[PDB]
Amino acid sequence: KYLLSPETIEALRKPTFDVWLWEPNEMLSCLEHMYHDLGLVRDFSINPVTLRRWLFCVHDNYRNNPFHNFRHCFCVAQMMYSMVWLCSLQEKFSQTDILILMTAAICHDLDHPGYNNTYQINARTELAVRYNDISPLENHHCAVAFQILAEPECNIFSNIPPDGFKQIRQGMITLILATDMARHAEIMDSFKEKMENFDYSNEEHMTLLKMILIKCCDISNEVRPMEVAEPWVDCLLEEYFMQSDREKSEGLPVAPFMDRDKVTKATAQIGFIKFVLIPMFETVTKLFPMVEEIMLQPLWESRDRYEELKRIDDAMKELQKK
């Protein structure tokens, strides 16, 4: 049953929203609500019907991978929606910037194949050869994003003038490309430097803030409730094993964190929560104090839980080895 209850629309605004509850049509409708509710339909004369066909286009072009699937895209877009409200971003950003933040979130892993950059490059694929080993998947995601938008029936921007299309497009590209974890250190070091004296009337500081926001949402699964978050780790590792199978039986290098024999659910997250998630949301909390209690808080609770799980896993491996 598409058509959402008023209870659902309420829940949808917070990062506690149970993303697993809903089937695709309900998620499409949830996303459709977001565009209306943020005033993007109103302020960019988006045809209400074109909006629905666009979300169906997008959905069709996400794949049935275990992790990089349409449900991931909904998580990231819904988490961006939560962040608009939590941080009150309509006070600091234009409606163009919100449109970029939302449309980039929805489009940022379009047609992900289930194998990451390092596979693409080492196997010398169609995509690595096409994009010269430079963020190949991330370029592919934008390419597909705008190939969808070039179809008149899927074009939510059809009544935006050329200058505004040009600005959105640039913005969307900057953000979708920023999702490549290869650049996490570079992007964070850029941001932290700008943060020494932040200025919202500085376009360059704001371009970085948006980059950090989409990144925050992209890797945001562990910010959610333990019940909601925990199943994404199986989805990740299942996808990661799929690749490291292929890498072994093709003789390509294998990343320790994708190695069946090495990684566990617990050791996948301890490091990620501690040295990627926590520091990123720590920096962002300076700019938005309310982030601490809502987002940084479940990250401490997740860190503490996954370190306990490791103590039990490790204790259990003392029984196994011969």
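Residue numbers here begin at 1 and follow the sequence given.
S.K.: When the C-alpha temperature factors are averaged for each of 182 to 190 and 195 to 203, which stretch ends up with the higher value in the entry?
M.R.: For C-alpha atoms only, the mean B-factor is higher in 195 to 203.
S.K.: Please work out which of 287 to 295 and 60 to 68 has the higher mean CA B-factor as recorded in the PDB entry.
M.R.: Comparing 287 to 295 with 60 to 68, the higher mean C-alpha B-factor belongs to 287 to 295.
S.K.: Tell me, please, which of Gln170, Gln147, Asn122, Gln243 has the highest C-alpha B factor according to the deposited entry?
M.R.: By C-alpha B-factor in the record, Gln243 ranks first.
S.K.: Which has the highest CA B-factor per the PDB entry: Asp109, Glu91, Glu238, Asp97?
M.R.: Checking the PDB record, the top C-alpha B-factor among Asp109, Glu91, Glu238, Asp97 is at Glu91.
S.K.: Which third of the chain does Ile46 land in by C-alpha B-factor: lowest, middle or highest?
M.R.: For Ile46, the deposited C-alpha B-factor lands in the lowest third.
S.K.: For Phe257, does the deposited CA B-factor place it in the lowest, middle or highest third of the chain?
M.R.: Tercile = highest for this residue's CA B-factor.
S.K.: C-alpha B factor of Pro162, ranked within the chain: lowest, middle or highest third?
M.R.: Middle third - that is where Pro162 ends up once the chain's C-alpha B-factors are sorted.
S.K.: Relative to the other modelled residues in the chain, which third contains the C-alpha temperature factor of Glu247: lowest, middle or highest?
M.R.: Within its chain, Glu247 is a highest-third residue by C-alpha B-factor, going by the deposited values.
S.K.: Which third of the chain holds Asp133 when residues are ordered by C-alpha B factor: lowest, middle or highest?
M.R.: Lowest third of the chain for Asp133's C-alpha B-factor.
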